[PDB]
């Protein structure tokens, strides 16, 4: 029985991350589309919606997706797609911490291993994935850990799903949080997403950013609080008042690992707030936006934040 290489679609959102990688046509039949071409620091709602509708639409036509993405916001898009993709085939985002034209450019081998991952039958049903520096990382926990390191992407709370050696993956973990077709989030018909902004906390923090998003009518605000999701008093006060009038308010934390818990120093039930768990501010944003498509009920949003 002859060998039959799987069909992998590469959806590009930005420039090239290798530049191509000839060794790919030994492990797969690759076709490419350019969906957008933006620096990922300009990543946005409309790109997310395109990617989710594109993956869900083209599911039938291929064996897996690799998405090439700037590293800056890959962790946000990864998680959005983790929640909105309904396609049962592997979806593997990949990027490069050194540019394709650089010495020891890292994109070529990351792309190789991204395709390996996307062709591996064992990668399906693990959620949307991020493959970087020989590692398969779940889209929920993966975050950018260092501003330059090639090893920067890590799942800082629950670890990676497997490591990649010589084109093979040893999977020892899968995320237990509900993803992809187990979520109720369906963007197939949405033209926009609810407006969710992020305010930082720190000593002497001004409440003017919070007030501005409130006055703008934002659907939700994520607080990147201090410690275990705590807020500077003025920020607290502004966000407490907004919640009494329907603004969703998720307490996250600027602290780079660890859950922002319930039943700690903030009485969320009293105040109408939601605890983000291990979702960092930009990740809590992704889930809050998608939550607000179902409900503005803070008890139900908290539930969503305990399931997804």
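Numbering follows the first chain given and starts at 1.
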| query | finding |
| --- | --- |
| 280-288 set against 5-13, stretch whose average Cα temperature factor tops the other in the entry | 5-13 |
| Of 65-73 and 27-35, the one with larger mean CA B-factor | 27-35 |
| Top Cα B factor in the deposited entry, candidates 182, 207, 138, 149 | 182 |
| Candidate set 177, 144, 126, 211 [ranked by C-alpha B-factor, highest] | 211 |
| Residue 237 CA temperature factor, ranked by third within the chain | middle |
| Chain-relative CA temperature factor third for residue 58 | highest |
| CA B-factor placement of residue 245, once the chain's modelled residues are sorted into thirds | highest |
| Residue 103 CA temperature factor, ranked by third within the chain | highest |
| Third of the chain's Cα B-factor distribution that residue 87 belongs to, per the entry | highest |
